[PDB]
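Enquirer: Before I ask anything, here's the sequence and the deposited coordinates:
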Amino acid sequence: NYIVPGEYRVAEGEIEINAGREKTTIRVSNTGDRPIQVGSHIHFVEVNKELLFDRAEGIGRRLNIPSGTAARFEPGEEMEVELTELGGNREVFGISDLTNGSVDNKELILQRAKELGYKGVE
Amino acid sequence: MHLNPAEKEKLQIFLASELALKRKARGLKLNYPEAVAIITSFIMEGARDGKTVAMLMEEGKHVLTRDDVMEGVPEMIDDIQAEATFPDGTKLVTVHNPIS
Amino acid sequence: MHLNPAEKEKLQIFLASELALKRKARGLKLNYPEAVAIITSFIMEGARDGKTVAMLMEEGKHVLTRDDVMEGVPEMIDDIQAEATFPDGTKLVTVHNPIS
Amino acid sequence: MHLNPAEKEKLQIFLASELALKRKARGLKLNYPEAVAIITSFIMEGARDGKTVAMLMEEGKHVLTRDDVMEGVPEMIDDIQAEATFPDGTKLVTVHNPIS
Amino acid sequence: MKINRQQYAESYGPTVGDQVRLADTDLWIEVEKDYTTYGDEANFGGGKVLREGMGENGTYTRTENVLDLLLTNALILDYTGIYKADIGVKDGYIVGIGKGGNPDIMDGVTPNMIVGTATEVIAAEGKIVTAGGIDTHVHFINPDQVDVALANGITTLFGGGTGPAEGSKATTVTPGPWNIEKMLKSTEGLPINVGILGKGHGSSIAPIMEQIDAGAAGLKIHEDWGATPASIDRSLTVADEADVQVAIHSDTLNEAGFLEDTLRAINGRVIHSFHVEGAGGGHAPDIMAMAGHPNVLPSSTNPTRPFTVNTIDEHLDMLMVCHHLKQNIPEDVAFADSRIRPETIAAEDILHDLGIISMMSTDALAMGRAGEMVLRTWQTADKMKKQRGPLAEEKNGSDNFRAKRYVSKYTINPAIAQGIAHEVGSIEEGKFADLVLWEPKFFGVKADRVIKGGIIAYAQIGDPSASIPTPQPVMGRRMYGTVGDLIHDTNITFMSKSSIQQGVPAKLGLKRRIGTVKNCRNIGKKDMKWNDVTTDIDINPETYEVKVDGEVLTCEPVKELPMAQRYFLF
Amino acid sequence: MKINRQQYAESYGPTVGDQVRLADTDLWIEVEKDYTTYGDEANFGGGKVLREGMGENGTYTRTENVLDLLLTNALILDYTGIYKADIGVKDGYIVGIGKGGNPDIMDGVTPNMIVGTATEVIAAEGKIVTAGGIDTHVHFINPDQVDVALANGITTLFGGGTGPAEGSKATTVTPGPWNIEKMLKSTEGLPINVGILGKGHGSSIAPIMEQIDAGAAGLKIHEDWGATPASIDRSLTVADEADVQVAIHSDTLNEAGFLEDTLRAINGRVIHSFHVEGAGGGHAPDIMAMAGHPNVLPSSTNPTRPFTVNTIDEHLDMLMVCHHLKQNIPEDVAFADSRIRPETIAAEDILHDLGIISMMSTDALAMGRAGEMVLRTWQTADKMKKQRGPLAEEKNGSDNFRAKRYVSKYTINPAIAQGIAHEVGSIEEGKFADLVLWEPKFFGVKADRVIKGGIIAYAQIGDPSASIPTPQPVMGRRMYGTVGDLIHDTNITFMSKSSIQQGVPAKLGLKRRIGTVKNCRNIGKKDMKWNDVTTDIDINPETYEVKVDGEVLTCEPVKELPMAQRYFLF
Ligand code: NI
Ligand code: NI
Ligand code: NI
Ligand code: NI
């Protein structure tokens, strides 16, 4: 009976994000001395050079977290994150200039990453 | 007086608070703009008194209670923000959920 | 507060009424704008109190009498009109010949 | 009410004076615009009361003293000027060095 | 990964099946569908999705499917649906309703809704977005009335007047070529869309028609200028030639005829019947019977909306002032009194709920309130739900059917009636970007932001000297869309086809966008969205009782309304 | 005949060696030189010197070395000096600084400063006169912000925005050709000089460059649009081609890089680093180290100026609102918190005093106060004098060195940074006559009269119905320079060379004076007047301690400031 003006009455259930896309869990370490926070929609291979992880596993992927949220790595912090697949055309341009085209060009992306000192190119 | 644009505008917050305080004094449960005016004027007068921003952030939660206002008003006011000249210049006070 | 244009304007009727009431309290016979302000603010506060339009149409005739105002003021005021938010929304109150 | 542009503006001097008088009443030393507002409103209310220009030129020097205001305020106010409707029409009152 | 519904709605606004209360009414709207792809919602801010290489595309130039403006996560309330979508604006028009972002990396992006270098963002998550209100009964009496209208979400003013002249204070009329030209030039400084009505009076065609050629967008027939069979006939002959609408305030006095005589003069031609209940004017006591006819587009004005315990008491003096009547003339008072009937006001509530009255309007400053058309529409819907129950057509416990019926009354239907729905009146692709954002707690009461031609024109915003825009005092203020020459590009002057063909805008130096009035003569009641009911309305001449399908239409007045003392300072 | 000093200063303003207190601060400025000839001072009024055949020449036509306007007996406070002179204005520009009057009879008249039939007079005796403030960090959010700025002596607004859209509420960006065109047209109605920044984001050149060709005067790189290595690089490539400045708000989150990565992307090119301390945005915690580099033009925004006991407590909620962050998202709060550091705010005070931060700015309505750039500059200088003492460079017990260092931060340095110092930013012959008169008791607090292009635009003035202009209420008001078409001639719209060459002003119908942005790419820290220090700034990543030349930079916050509760009603 009490009226809260403009209130919601949400339906039952839950919202599954990124449904139907492959998920991948990887370990990531902040080897730097300042905090690094990574948003939901950045091409994961193109994050800060001082994040150490298997860079190949970030290609064509982004964090599997709600749109507009982020993962925070304090200095020295290692943690596991879950990634999902990029969608749409699966192309990335700009950001760190590691891709500039299809995310299918793994060898070229990793070559650029290695030359520029992005940690974890194996 | 050399009033600037903000000084002119903020006079009308004081005025609205005076109006609202008269309505409260004759026994009326206050509405949304009335409640906002009272709390806002309280903050600006507190700054003028030389209180700190931190003091006003906590005092602002005890100016009006739910029995002072109409149904739903507490839930309509998520926060109140006001700027005023403290002894150390203009500062912003934000009072979160001022009426429980 | 989300003040709309009318809310801003009508604050200045309340203010003028407060000014006029102070002048009356120190013994002055009121002039034309003073008398209009007092009666107008009375109407809008009455609406806020939840009186009916019909109640205010008759009460508005007993707010000020001819001995409260300057010579000729009663005859200058043929009626006073004001709109305010009643419990059932905005309504117009017209008080005919408020001061006999 | 038929308010003209000056009547509208001068309401805000009365309002600022009311604000300043409340601050004085709770024990604050007044600042520059507060002091100017109080003295100005005093002049305009004096005209409304039917005092002469010469009376207000001398009374205006005794409204606030230096212990009522912040350091330096007396020296900041070289004079205060106000126009109001006297019984014999609009006149200018100038109060020189209102706070010694 | 899954998000619970409560948290999802807090972050992105509501999604399919969620309900939202309209202000402090009992009315609930339900999200019918959602254009998003869950996980790829657009949002803007620090570390958010609309960033270069991510949800913002860094490749495409503006012309290459990029938007000028994206409203993210809007809950649209429109005659076309109640649903969740992003809204894309370009060149001042709505170009896409769907899902915005970057096709590089996101699924389900509408192809012309790319967020690029050229794109501004307005966050609409948690807001209800509607079309701007279309007020077709405006008296141009006091320029301060424009902000009043904008503050309650009105974006188009159709009507007439030259300021506070007695003709304008009574009637929506800008008379003759010269007054029309002068008011078109005044309009250059009014931050709202405008169309001007000429005087629908004369016994010869040329004096009426020359107003249309001068730039009028329509005509008003008003009894105070003589609502005679001749004036009615000539005005409609003009309108049928010129393709503009005619509004009528009929002969209350029944001086030259009764309602049936007015209908005979109209002769089946299309007409917009103003304040059809009749307190605002018309054949006493039975004018509301016009709303049953297929060639009538019927509107109410707002002071009778809805029926309340104070409604009657305010009306006599309101009417006397508007129509320049004298209390010392018995027939003037009798004329006034003849127009104020609880029986027809009560029935008017119900006729709205049934879809028999199609439109709302203000009657601003001449027996009507410039800033309460939207307000009183929802108060009426709420009263009807309380007294008549949910409509039979409703599902899921929502009031979506009623909400679509009522939103149509002040958006799409007036636009259709006046021949301007190709430009304004609904949230549809290809229409002008006149959009109103509302916080649900303030819905229908005080607009948050009013967008005009793709730029914010009016907003509830705080201290201009503050560190951020939210500190007090928060009040309605004109924004940059109203400043300098931008006022020309964000607003439309609607004009007749003939005045446009004859070069009136160039002649007068008009810099505003020019809208063409068209397709006014080939419509009827059947074209009123959600409000298309034709029926025989019987009004008893002795008792004023209103019957439809053999049933008396009546309801009680209420002592209290929502959207009232919780919100307003006076 | 001799006049004592006290009486001379009362009559004509101060002369050589006299000192004047700035408002209620502890800062004293000393007259360094005086251009007058004692006994031939210009003054205007009944029985005064500027009369025909006397101090006014009655022979010469306007074109013959006569002024449109003479400001008599000004105490100029400028990067070029603190000195006493008459200022002569003609065709809206400062044409002479020296001694005005009539060469017929007066000694020492500057040859082009003749007072003739054509000359207006402003008495500046007893006033301090400065250049108009140049605010290069403006969010165009609420048009009411213009008067706020004028009232504190600001005459140029550089920045971006389209009104209270979320993109504009976070970032100084007017995105894309269409929004830029719309805001250039809005600018026609704003009584202040304006330049507009486009979105410095993209991975291709064309989407960024088309903003410059549309009429933008510069670009803003902001983290909320993705302050990535690519966006940084493309924006600077565009800027180097177009000769406009780029402002940066860097990646606070360190998402794509740390500070050293941003500097590598910049690659030695010129850039304006906004809010370089970082509470307003940038690489956490070490962004302030940018202010040591020779290619960086560093500015502060005003809420951290100066460090006070309440400064920290106000910031978290200010930031959350500006950047559209959610209190229920832990990483949003952590991002916000990462930006608020007493260690770097305290060091920022000292870096200003040392000439390592070159500029002040507001950040109006997006973590900054539109009317407090000038105010807080002097409060900072006063706090530094109190805590660090007179600078080593001072003489005569005056604070002239400090006053020149600090006045430069909001006048000449922002003008140099944005490529507009050929037109504005200082009191020099050949520059636009944007001048602010201050009573010393109100210096830096409330401007007396603001002159724009040689006509008064804003003034503190009284009752318009009174017998004279001084009776109450004295408040800030727009003057005739803002009215009608005069607003076009008294204000400048600054635009890129390419947009000017392509005829954008004619295309859009702009009537304002058009200023050309130029010489932005060939400057550095060495070109910042009185604030040209380059050095290695070390910021400890664990403690946030700031070191310069091996010394920790720290100071205490203060409980009280001058230029505060003595002056303001709220
Ligand atoms: Ni009518
Ligand atoms: Ni009407
Ligand atoms: Ni920033
Ligand atoms: Ni900013």
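Expert: It's in. Residues are numbered from 1 along each chain as shown, chains lettered A, B, ... in the order given. Ligands and ions are numbered 1, 2, ... in the order given.
Enquirer: only C-alpha atoms for contact and neighbour calcs from this point on.
Expert: Fine.
Enquirer: And the strands in chain B?
Expert: B:79-86, B:89-96 (DSSP state E).
Enquirer: Quick one: name the residues of chain B near chain D.
Expert: Contacts of chain B with chain D, taken as Cα under 8 Å from any Cα of the partner chain, map to B:1, B:2, B:3, B:11, B:14, B:15, B:49.
Enquirer: For the residues you listed, which ChimeraX command selects only the ones that are buried?
Expert: Command for ChimeraX that selects the buried part of the residues of chain B next to chain D, burial taken from 16 or more other Cα atoms under 10 Å in any protein chain shown:
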select /B:1,2,3,11,14,15
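Enquirer: Turn the residues of chain B next to chain D into TSV, columns for distance to ligand 1.
Expert: Shown next, in TSV, are the residues of chain B next to chain D (distance: Cα to the ion, whole Å):
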residue	distance to ligand 1
B:1	49
B:2	49
B:3	46
B:11	41
B:14	41
B:15	39
B:49	56
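Enquirer: List just the nearest of the residues of chain B next to chain D to residue F:472.
Expert: Comparing these against residue F:472 with Cα to Cα places residue B:1 closest, at 7.4 Å.
Enquirer: Find the nearest non-adjacent residue to that closest one, please.
Expert: Once flanking residues are discounted, residue B:1 sits nearest to residue D:33: 4.5 Å by Cα to Cα, 6 or more residues apart in numbering or on different chains.
Enquirer: Might one say that the one you found is in contact with residue F:567?
Expert: Yes - contact criterion Cα atoms under 8 Å: residue D:33 and residue F:567 qualify, at 6.6 Å.
Enquirer: still on that earlier bit, output the strands of chain B in a markdown table, with mean neighbour count and distance to residue F:15 appended to each entry.
Expert: Compiled in a markdown table, these are given as follows (neighbours: other Cα atoms under 10 Å in any protein chain shown; distance: least, Cα to Cα, whole Å):
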| stretch | mean neighbour count | distance to residue F:15 |
| --- | --- | --- |
| strand B:79-86 | 24 | 35 |
| strand B:89-96 | 25 | 33 |
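Enquirer: Ligand 1 is nearest to which of these?
Expert: strand B:79-86 (44.0 Å; Cα to the ion).
Enquirer: Now do that closest one against strand B:89-96, angle only.
Expert: Taking axes from the mean of the first three to the mean of the last three Cα atoms, to 10 degrees, one finds that strand B:79-86 is oriented at 160 degrees with respect to strand B:89-96.
Enquirer: which SS state does residue E:15 fall under?
Expert: coil (DSSP: H, G, I helix; E, B strand; the rest coil).
Enquirer: Show me where chain A has its helices.
Expert: Using DSSP state H, the helices of chain A run over A:106-116.
Enquirer: sorry, that was for chain B
Expert: If you assign secondary structure with DSSP H, the helices in chain B sit at B:5-25, B:32-49, B:53-59, B:73-76.
Enquirer: Can you tell me which of those is most buried?
Expert: helix B:32-49 (a mean of 24; mean count of other Cα atoms under 10 Å in any protein chain shown).
Enquirer: Can you list the neighbours in contact with that one?
Expert: By Cα atoms under 8 Å, 6 or more residues apart in numbering or on different chains, the surrounding residues in contact with helix B:32-49 are B:13-14, B:16-21, B:53, B:56, B:60, B:63-64, B:69, B:73, B:76-77, B:80-87, B:93, C:1-3, D:28, E:472, E:566-569, F:565, F:570.
Enquirer: Can you find the residue of chain B that comes nearest to ligand 3?
Expert: Nearest to ligand 3 in chain B, going by Cα to the ion, is residue B:92, at a distance of 18.3 Å.
Enquirer: Next one: the nearest residue to that residue once chain neighbours are set aside relative to chain C, how far apart?
Expert: Excluding the flanking residues, the one nearest residue B:92 by Cα to Cα, 6+ apart is residue B:83, at 4.4 Å. Going from residue B:83 to chain C by Cα to the nearest Cα, to the nearest Å gives 15 Å.
Enquirer: got it, and residue E:353?
Expert: Residue E:353 sits at a distance of 19 Å from chain C (criterion: Cα to the nearest Cα).
Enquirer: Residue E:244 and residue E:522 touch, don't they?
Expert: No - Residue E:244 lies out of contact with residue E:522 (Cα under 8 Å); the separation is 10.7 Å.
Enquirer: between those two, who's got more neighbours?
Expert: A side-by-side neighbour count of residue E:244 and residue E:522, using other Cα atoms under 10 Å in any protein chain shown, places residue E:244 first with 28 against 12.
Enquirer: Bridged to the closest residue to that one other than its chain neighbours, which residues?
Expert: Spatially, and ignoring its direct neighbours in sequence, residue E:244 is nearest to residue E:218 (5.0 Å; Cα to Cα, 6+ apart). The bridge-partner assignment for residue E:218, based on DSSP bridges, gives residue E:197, residue E:245.
Enquirer: The helix or strand harbouring residue E:331 close to ligand 1?
Expert: Secondary structure assignment for residue E:331, by DSSP states H and E: helix E:330-338. No - with Cα under 5 Å from the ion as the criterion, ligand 1 is not reached by helix E:330-338; the gap is at least 12.5 Å.
Enquirer: Need the contact partners of that helix.
Expert: Applying Cα under 8 Å, 6+ apart, the contact partners of helix E:330-338 are E:252, E:253, E:284, E:285, E:316, E:319, E:320, E:325, E:326, E:327.
Enquirer: Pretty sure the third one sits in a strand.
Expert: No - looking at residue E:284 with three-state DSSP, it is coil, so not inside a strand.
Enquirer: so it makes contact with residue E:252?
Expert: Yes - counting by Cα under 8 Å, residue E:284 touches residue E:252, with 5.1 Å between them.
Enquirer: Right, I'll call it a day here.
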